[PDB]
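First up is the structure itself, then whatever we jot down about it.
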Amino acid sequence: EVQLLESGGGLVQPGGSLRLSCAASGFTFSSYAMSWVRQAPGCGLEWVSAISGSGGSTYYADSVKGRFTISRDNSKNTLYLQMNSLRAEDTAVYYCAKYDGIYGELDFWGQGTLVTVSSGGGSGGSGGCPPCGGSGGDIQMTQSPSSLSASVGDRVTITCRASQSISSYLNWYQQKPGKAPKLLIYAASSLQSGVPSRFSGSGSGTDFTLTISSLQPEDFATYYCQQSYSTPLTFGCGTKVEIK
């Protein structure tokens with residue numbers, strides 16, 4: 001079993017510091033880049049930072065540049081996120097994820113740790129949900145529809161549009177309430193091992209589709225697309241598939 005176990009969340013005061021860790025096991029740690037991905041309460045997925053397998057290259061979303069430091073200890077099989085000058089808007093669950101060097105999908109996720117940045121003066125400082133689908137200079141991911149109502153047995157198709165051509169470096173994830181995301185499709189159309197055959201994807205360039213050929217009860221969840229063409233790795237806003 002691949003295992004990723006995060007530690008270090010908790011309550012922190014604005015301006016304070018936190019150091020997250022993620023202990024890896026069940027795969028050759030130094031053979032994979034790793035990512036941190038966060039999800040503010042009731043919001044979508046936002047990519048935070050990435051580090052190369054050697055540790056020599058690091059990448060950051062612009063909102064955490066200079067405050068956050070990603071690092072790794074390949075002898076200890078541990079990934080770190082040092083977070084300084086924390087802001088209310090950093091409140092989120094933080095996930096570490098293993099990155100695959102060929103297609104760029106995040107194929108295994110930890111279970112997340114909750115970071116609450118608060119001084120008790122109201123929850124409005126967090127700014128609510130951030131702008132999903134990307135920010136300044138990012139590849140924008142437009143996911144449609146935002147929500148849909150369907151029933152067991154229906155065929156449903158979700159679409160995802162990138163602001164530039166990304167060839168087939170597009171991934172789809174499923175997230176159930178209170179759970180970490182799970183990779184469904186990578187490279188636009190390849191099924192991840194263990195994923196039911198009722199899921200399929202297609203497309204290349206800017207336009208992509210995810211189809212569930214027959215909606216089963218366990219498939220009511222939120223689905224996110226994600227481009228892995230270029231850093232910052234952008235997630236769509238998500239489609240919620242709910243019962244009618």
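Identifiers for the structure tokens are assigned positionally: chains receive A, B, ... in sequence, residues are indexed from 1 per chain, and ligands are indexed from 1 in the order shown.
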
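Residues with any atom within 10 Å of residue 24 (chain A), counting only C-alpha atoms and excluding same-chain neighbours fewer than 6 positions away, are residues 2, 3, 4, 5, 6, 74, 76, 77, 78, 79, 96, 97, 98 and 110 of chain A.
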
Closest atom pairs, residues of region 127-232 of chain A within 7 Å of region 35-53 of chain A, only C-alpha atoms, as CSV:
```
residue,atom,partner,partner_atom,distance
A:129,CA,A:43,CA,5.5
A:132,CA,A:44,CA,6.7
A:232,CA,A:47,CA,6.9
```

>> Can you tell me which residues surround residue 16 (chain A) at a distance of at most 9 Å, considering only C-alpha atoms, apart from same-chain residues fewer than 3 positions away, and format the answer as a PyMOL selection string?
In response: chain A and resi 12-13+83-87+117

Export of prior selection with N, CA and C atoms as a PDB file, in the first residue's frame:
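What follows is the written file part-v5.pdb:
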```
ATOM      1  N   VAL A  12      -3.892  28.423  14.718  1.00  0.00           N
ATOM      2  CA  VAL A  12      -2.727  29.293  14.659  1.00  0.00           C
ATOM      3  C   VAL A  12      -3.231  30.720  14.543  1.00  0.00           C
ATOM      4  N   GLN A  13      -2.482  31.631  15.098  1.00  0.00           N
ATOM      5  CA  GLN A  13      -2.849  33.032  15.090  1.00  0.00           C
ATOM      6  C   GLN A  13      -2.336  33.700  13.824  1.00  0.00           C
ATOM      7  N   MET A  83       5.096  27.133   6.819  1.00  0.00           N
ATOM      8  CA  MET A  83       4.153  28.214   6.528  1.00  0.00           C
ATOM      9  C   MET A  83       4.352  29.347   7.526  1.00  0.00           C
ATOM     10  N   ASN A  84       4.879  30.473   7.061  1.00  0.00           N
ATOM     11  CA  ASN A  84       5.049  31.664   7.880  1.00  0.00           C
ATOM     12  C   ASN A  84       4.022  32.721   7.503  1.00  0.00           C
ATOM     13  N   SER A  85       3.900  33.713   8.395  1.00  0.00           N
ATOM     14  CA  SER A  85       3.005  34.865   8.231  1.00  0.00           C
ATOM     15  C   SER A  85       1.616  34.441   7.776  1.00  0.00           C
ATOM     16  N   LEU A  86       1.057  33.472   8.489  1.00  0.00           N
ATOM     17  CA  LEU A  86      -0.218  32.897   8.093  1.00  0.00           C
ATOM     18  C   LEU A  86      -1.344  33.929   8.164  1.00  0.00           C
ATOM     19  N   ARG A  87      -2.280  33.814   7.226  1.00  0.00           N
ATOM     20  CA  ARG A  87      -3.423  34.701   7.081  1.00  0.00           C
ATOM     21  C   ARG A  87      -4.703  33.904   7.271  1.00  0.00           C
ATOM     22  N   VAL A 117      -6.557  29.326  10.812  1.00  0.00           N
ATOM     23  CA  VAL A 117      -5.880  30.584  11.113  1.00  0.00           C
ATOM     24  C   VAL A 117      -6.941  31.554  11.616  1.00  0.00           C
TER      25      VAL A 117
END
```

>> Need the shell around residue 89 (chain A): protein/DNA/RNA residues with any atom at most 10 Å away, counting only C-alpha atoms. Skip same-chain ones fewer than 5 positions apart. Format as a PyMOL selection string?
In response: chain A and resi 14+40+63+116-118+123-130

Would you save the residues of that selection, restricted to C-alpha atoms, as a CSV table (one decimal), in the first residue's frame?
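Now in part-v2.csv:
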```
chain,number,residue,atom,x,y,z
A,14,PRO,CA,-2.6,35.4,12.1
A,40,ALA,CA,-10.7,25.8,2.3
A,63,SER,CA,-0.4,33.8,-2.9
A,116,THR,CA,-7.3,27.1,11.2
A,117,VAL,CA,-5.9,30.6,11.1
A,118,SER,CA,-8.0,32.6,13.5
A,123,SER,CA,-14.7,34.3,10.2
A,124,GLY,CA,-15.0,37.0,7.5
A,125,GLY,CA,-11.3,37.6,7.3
A,126,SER,CA,-10.8,34.3,5.5
A,127,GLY,CA,-12.5,35.9,2.5
A,128,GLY,CA,-14.8,32.9,1.9
A,129,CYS,CA,-13.9,30.7,-1.0
A,130,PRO,CA,-11.0,31.8,-3.2
```

> Pick from A:58, A:230, A:113, A:239: nearest to residue 142 (chain A), with only C-alpha atoms counted?
Replying inline: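 Closest residue, counting only C-alpha atoms: A:239.
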
> Could you pull the residues within 6 Å of residue 20 (chain A), counting only C-alpha atoms, minus those fewer than 3 positions along the same chain, as a list in words?
Replying inline: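 My list of contacting residues is residues 7, 8, 80 and 81 of chain A.
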
> Pick from A:100, A:154, A:107, A:90: nearest to residue 183 (chain A), with only C-alpha atoms counted?
Replying inline: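 The closest residue to residue 183 (chain A) is A:107.
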
> Could you pull out all residues of region 24-238 of chain A with a DSSP call of helix (DSSP H, G or I) and give them as a list in words?
Replying inline: residues 29, 30, 31, 88, 89, 90, 123, 124, 125, 126, 217, 218 and 219 of chain A

> Near residue 153 (chain A), counting only C-alpha atoms, which residues have an atom at most 12 Å away, once you skip same-chain residues fewer than 3 positions from it, shown as a ChimeraX atom specification?
Replying inline: /A:150,156,198,212-220,243

Could you save the residues just selected, with N, CA, C and O atoms, as an mmCIF file, in the first residue's frame?
```cif
data_model
loop_
_atom_site.group_PDB
_atom_site.id
_atom_site.type_symbol
_atom_site.label_atom_id
_atom_site.label_comp_id
_atom_site.auth_asym_id
_atom_site.auth_seq_id
_atom_site.Cartn_x
_atom_site.Cartn_y
_atom_site.Cartn_z
ATOM 1 N N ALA A 150 -29.334 14.371 -11.227
ATOM 2 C CA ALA A 150 -29.588 13.173 -12.020
ATOM 3 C C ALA A 150 -29.974 12.027 -11.089
ATOM 4 O O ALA A 150 -29.920 12.149 -9.863
ATOM 5 N N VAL A 156 -24.269 10.636 -17.494
ATOM 6 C CA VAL A 156 -23.995 12.051 -17.276
ATOM 7 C C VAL A 156 -22.605 12.368 -17.800
ATOM 8 O O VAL A 156 -21.678 11.560 -17.664
ATOM 9 N N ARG A 198 -17.311 2.164 -15.707
ATOM 10 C CA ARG A 198 -18.381 3.083 -16.089
ATOM 11 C C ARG A 198 -17.911 4.531 -16.211
ATOM 12 O O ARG A 198 -18.672 5.365 -16.724
ATOM 13 N N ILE A 212 -19.938 9.317 -16.945
ATOM 14 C CA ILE A 212 -20.329 8.151 -16.163
ATOM 15 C C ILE A 212 -21.468 7.464 -16.910
ATOM 16 O O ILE A 212 -22.591 7.984 -16.974
ATOM 17 N N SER A 213 -21.173 6.301 -17.496
ATOM 18 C CA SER A 213 -22.119 5.659 -18.404
ATOM 19 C C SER A 213 -23.399 5.257 -17.685
ATOM 20 O O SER A 213 -24.472 5.203 -18.309
ATOM 21 N N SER A 214 -23.318 4.968 -16.387
ATOM 22 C CA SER A 214 -24.520 4.632 -15.629
ATOM 23 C C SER A 214 -24.319 5.066 -14.188
ATOM 24 O O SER A 214 -23.551 4.440 -13.454
ATOM 25 N N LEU A 215 -25.037 6.105 -13.778
ATOM 26 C CA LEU A 215 -24.856 6.657 -12.446
ATOM 27 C C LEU A 215 -25.304 5.635 -11.413
ATOM 28 O O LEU A 215 -26.443 5.154 -11.457
ATOM 29 N N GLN A 216 -24.398 5.267 -10.524
ATOM 30 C CA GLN A 216 -24.701 4.419 -9.391
ATOM 31 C C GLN A 216 -24.780 5.259 -8.125
ATOM 32 O O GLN A 216 -24.324 6.407 -8.104
ATOM 33 N N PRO A 217 -25.378 4.730 -7.050
ATOM 34 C CA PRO A 217 -25.586 5.573 -5.861
ATOM 35 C C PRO A 217 -24.305 6.146 -5.283
ATOM 36 O O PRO A 217 -24.305 7.293 -4.822
ATOM 37 N N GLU A 218 -23.201 5.402 -5.333
ATOM 38 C CA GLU A 218 -21.945 5.867 -4.751
ATOM 39 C C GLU A 218 -21.261 6.950 -5.582
ATOM 40 O O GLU A 218 -20.266 7.521 -5.125
ATOM 41 N N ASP A 219 -21.765 7.244 -6.778
ATOM 42 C CA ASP A 219 -21.141 8.213 -7.670
ATOM 43 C C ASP A 219 -21.620 9.638 -7.424
ATOM 44 O O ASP A 219 -21.063 10.573 -8.017
ATOM 45 N N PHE A 220 -22.630 9.837 -6.578
ATOM 46 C CA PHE A 220 -23.036 11.194 -6.232
ATOM 47 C C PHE A 220 -21.940 11.801 -5.369
ATOM 48 O O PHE A 220 -21.669 11.321 -4.265
ATOM 49 N N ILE A 243 -28.673 14.051 -6.362
ATOM 50 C CA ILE A 243 -29.899 13.345 -6.731
ATOM 51 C C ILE A 243 -31.023 14.349 -6.959
ATOM 52 O O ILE A 243 -31.089 15.399 -6.308
#
```

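Non-sequential neighbours of residue 228 (chain A) (distance at most 6 Å, separation of 4 or more positions within a chain, only C-alpha atoms) are residues 104, 169 and 233 of chain A.
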
Go ahead and save the residues from that selection, with C-alpha atoms, as an mmCIF file, in the first residue's frame.
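Below is the file result-v5.cif, written as the result:
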```cif
data_model
loop_
_atom_site.group_PDB
_atom_site.id
_atom_site.type_symbol
_atom_site.label_atom_id
_atom_site.label_comp_id
_atom_site.auth_asym_id
_atom_site.auth_seq_id
_atom_site.Cartn_x
_atom_site.Cartn_y
_atom_site.Cartn_z
ATOM 1 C CA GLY A 104 1.480 14.789 -14.097
ATOM 2 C CA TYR A 169 -2.463 16.490 -19.685
ATOM 3 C CA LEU A 233 -1.464 23.094 -11.574
#
```

>> With distances taken over only C-alpha atoms, which residue among A:17, A:234, A:32, A:73 lies nearest residue 61 (chain A)?
In response: A:234

>> Could you check the closest approach to residue 164 (chain A) for each of A:26, A:196, A:137, A:238 and tell me which residue wins, using only C-alpha atoms?
In response: A:137

> With only C-alpha atoms as the basis for distance, which of A:174, A:28, A:135, A:206 is at the shortest distance from residue 161 (chain A)?
Replying inline: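 Of A:174, A:28, A:135, A:206, the one nearest residue 161 (chain A), counting only C-alpha atoms, is A:206.
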